[PDB]
Amino acid sequence: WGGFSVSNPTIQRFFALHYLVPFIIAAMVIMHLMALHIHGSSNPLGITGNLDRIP
Amino acid sequence: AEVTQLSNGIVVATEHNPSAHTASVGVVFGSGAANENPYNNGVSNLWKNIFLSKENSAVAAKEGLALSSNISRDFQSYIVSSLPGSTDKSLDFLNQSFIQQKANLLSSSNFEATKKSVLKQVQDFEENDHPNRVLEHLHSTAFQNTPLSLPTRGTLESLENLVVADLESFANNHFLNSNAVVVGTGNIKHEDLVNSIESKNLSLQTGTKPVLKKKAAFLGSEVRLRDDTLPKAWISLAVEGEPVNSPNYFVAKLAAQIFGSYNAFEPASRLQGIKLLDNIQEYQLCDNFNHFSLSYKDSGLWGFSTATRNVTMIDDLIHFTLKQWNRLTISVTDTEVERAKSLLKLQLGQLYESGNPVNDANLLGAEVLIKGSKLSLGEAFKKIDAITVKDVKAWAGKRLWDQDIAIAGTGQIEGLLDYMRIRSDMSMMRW
Ligand code: HEC
């Protein structure tokens, strides 16, 4: 709270954190794409897809 | 040199080369592989190999006569070579081989042995000769469901159904009078050949080969014969080319000549004046390629075949080759055109004026079957000299710039991408 109830410091730090955390989400998305790219997507059959790949 | 021609229903066309030491005399029919339905396919190959059969070649070799044959898409040929004093013997042998009888060639034992031999040769071609079977599948998918798609060699599934009745039916429908040109090349005179044909009778048949219902039409497609147990990746790729009797015949051949051919292991082949080599030699993208301008009676093909071991960079090979093809439409220089003029004069004079008379007989027979008379080489050099850069740019805009392509490949062609990126690479997006 930065105080004793939801007050001016609470809303100001919620705005600062709310501006901040989407860039952490963008960094986690880049890490997500890396962990995807090391094995490629799945397919709706549940078998390998190494045979017929299209770009 | 000079090419004469006369007629009596048959067509007699010669090339008296008095400097040569042999004399080829033979008949060149106007039927080919493009005149077969897909169920009697390979009957021309089987006529080639019963004409080159063991008994027939033995009877030929008793008098000192070597046989030769050729099966193309448009034309067959049956050429008999001999010494220049034995043209009468060669004509009488060709008469006895085709005209006077065919049942002794078409006996049961000779036909079964020849069918066994051609079945062996077609299987050996199918599983061992890779760039040629790539080019045959390129024809089979560029012109599909259309009689120019049929391979000259025949297929294993059709050729094991042929019997003697189909051989005789093809003979009655295609070995005819108007369909044929009797050709004498080498050291024979024209008047001697005409007087010796008129001395005999040599009348093949009444005439009129069947007319094909469907004309050849290009169809952009692909076929992928992926075999991972092969050491290389063979791939042909072509657009709709120019047929013969076209005004853009020599322009299409000079466009093929601009990018030439290449062999990565020969030292003098790596130093050619092609701007594709600066892109292709850095990471060793291919072992060889050749640009071909194939021209048939109804249609044609223009493209390149190649082979490579760098199987992870096939798309870069196709990419740089097709960007060089796009340079023809936009910005081909004058020096590349002059270089292609000189090299095409060189290889065309090697092709038409080599020392071998049977190749002259095949070429003259094909040309006077299609266009009625042989264009001599001096007028061909004048037509090559008449080509400018604007002619090449107009032809490339007509035939190359953003047109459908046909692709065939075998081997380790997984590195070859989809059809759409190869198709979309035909136009640069920067012009
Ligand atoms: C907790 C589950 C989960 C969340 C949340 C999630 N992802 Fe994924 N994502 C996956 C999985 C699992 C795959 C792999 C798909 C599969 O099974 O093949 C994937 C794959 C992808 C792909 C590749 C394309 C695709 O459809 O697979 C992209 C892009 C992607 N995620 C982006 C995102 C983005 C952007 C977010 C949010 C910013 C996100 N993901 C959140 C689980 C998730």
# chains A, B, ... in the order shown; residues from 1 in each chain; ligands from 1

$ residues_around --residues "residue 240 (chain B)" --least-positions-apart "4" --cutoff "8 Å" --atoms "only C-alpha atoms" --output "PyMOL selection string"
chain B and resi 218+299-302+399+404-405

$ interface_residues --of "chain B" --to "chain A" --cutoff "10 Å" --atoms "only C-alpha atoms" --output "VMD selection string"
chain B and resid 414 417 to 421

$ write_last_selection --atoms "C-alpha atoms" --output "PDB file, in the first residue's frame"
ATOM      1  CA  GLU B 414      14.439 -31.999 -48.804  1.00  0.00           C
ATOM      2  CA  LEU B 417      11.569 -25.641 -50.692  1.00  0.00           C
ATOM      3  CA  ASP B 418       7.900 -25.463 -51.699  1.00  0.00           C
ATOM      4  CA  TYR B 419       6.589 -24.656 -55.155  1.00  0.00           C
ATOM      5  CA  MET B 420       5.449 -21.172 -54.209  1.00  0.00           C
ATOM      6  CA  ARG B 421       8.761 -19.631 -53.189  1.00  0.00           C
TER       7      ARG B 421
END

$ residues_around --residues "region 45-60 of chain B" --least-positions-apart "4" --cutoff "8 Å" --atoms "only C-alpha atoms" --output "JSON, numbers by chain"
{"B": [64, 65, 66, 67, 68, 69, 70, 71, 78, 93, 97, 105, 106, 110, 111, 114, 115, 118, 152, 153, 154, 167]}

$ residues_near_ligand --ligand "ligand 1" --cutoff "6 Å" --atoms "only C-alpha atoms and all ligand atoms" --output "compact mmCIF listing (two decimals) with C-alpha atoms, in the first residue's frame"
# COMPACT_ATOMS: atom_id res chain seq x y z
CA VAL A 29 7.75 -13.97 -25.02
CA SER A 41 5.59 -26.77 -33.33
CA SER A 42 3.44 -29.81 -32.75
